[PDB]
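First up is the structure itself, then whatever we jot down about it.
Rule-based calculations on the coordinates, nothing more; no lab input. Cβ placement follows ideal geometry from the backbone for every residue including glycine, while neighbour counts extend to all protein chains displayed.
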Amino acid sequence: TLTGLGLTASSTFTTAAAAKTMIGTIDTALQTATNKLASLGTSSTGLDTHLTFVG
Amino acid sequence: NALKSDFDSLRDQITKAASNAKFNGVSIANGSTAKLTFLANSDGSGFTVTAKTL
C-alpha cells in the first residue's frame, strides 16, 4: 500500500521542480516494492518445499 | 521621408515576426525565459538549451 512504499495518499506535484523530485521518489518506491515482492515469492517457495517434506 | 517610412514598416514587421514565433505556447526566441531544459535521461537529468532573443 502507498504508505508502505513511502508515498502518501495526498502525494502529487504542483510545479516542475516537484516533478523532478517525484521521479526519484517513484524510483525508490518501485525499488522497495520489487524487493518486498521478491521476499514474498521466496517465502512461498519455502512453503512449497516444506509441504513436500511434510508429505 | 519615403525611405524612412519603409524602414519603420520593416521595423514593425520584425517586432511582429518575433512575437509570433512560438510552438505550443513556448518559444526560444521571443525572450520570455532565460533557458529551457529538455529531458536527457530516465533519472530526470536535463539537456540544456540557453535561449537566444531576436
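What do you reckon, is A:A38 assigned to a helix (DSSP H, G or I), more than 14 Å from chain B (Cβ to nearest Cβ) and farther than 30 Å from B:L39 by Cα? Yes: the conditions hold for A:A38. Among the residues examined, A:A19 does not qualify as in contact (Cβ under 8 Å) with a residue 24 or more places away in the chain, surrounded by 12 or more Cβ atoms within 10 Å (Cβ to Cβ) and aliphatic (A, V, I, L, M). Only residues that are surrounded by 12 or more Cβ atoms within 10 Å (Cβ to Cβ), among the hydroxyl-bearing types (S, T, Y) and within 14 Å of chain A (Cβ to nearest Cβ) were counted in region B:13-44, giving 1.
Looking only at region B:1-33, residues that are closer than 12 Å to B:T53 by Cβ and among the acidic types (D, E) come to 0 in all. Does B:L54 qualify as being touching a helix residue (DSSP H, G or I) at 6+ places or on another chain (Cβ under 7 Å), surrounded by 10 or more Cβ atoms within 10 Å (Cβ to Cβ) and on the phi < 0 side of the Ramachandran plot? Spelling it out, B:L54 is indeed touching a helix residue (DSSP H, G or I) at 6+ places or on another chain (Cβ under 7 Å), surrounded by 10 or more Cβ atoms within 10 Å (Cβ to Cβ) and on the phi < 0 side of the Ramachandran plot.
The one condition from (1) surrounded by 11 or more Cβ atoms within 10 Å (Cβ to Cβ); (2) not in a loop (DSSP other than H, G, I, E, B) that B:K4 does not meet is (1).
Filtering region A:1-35 to residues that are aliphatic (A, V, I, L, M), more than 24 Å from B:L36 (Cα to Cα) and in contact with a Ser or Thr (Cβ under 9 Å, 6 or more places away or on another chain) leaves A:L2, A:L5, A:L7, A:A9. Each residue in region A:3-35 was checked for being away from chain B (no Cβ under 13 Å) and either outside any helix (DSSP H, G or I) or at positive phi (or both), and 9 of them qualify. Every listed requirement among (1) among the hydrophobic types (A, V, I, L, M, F, W, C); (2) part of a helix (DSSP H, G or I); (3) under 20 Å from A:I23 (Cβ atoms) is met by B:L36 save one, (2).
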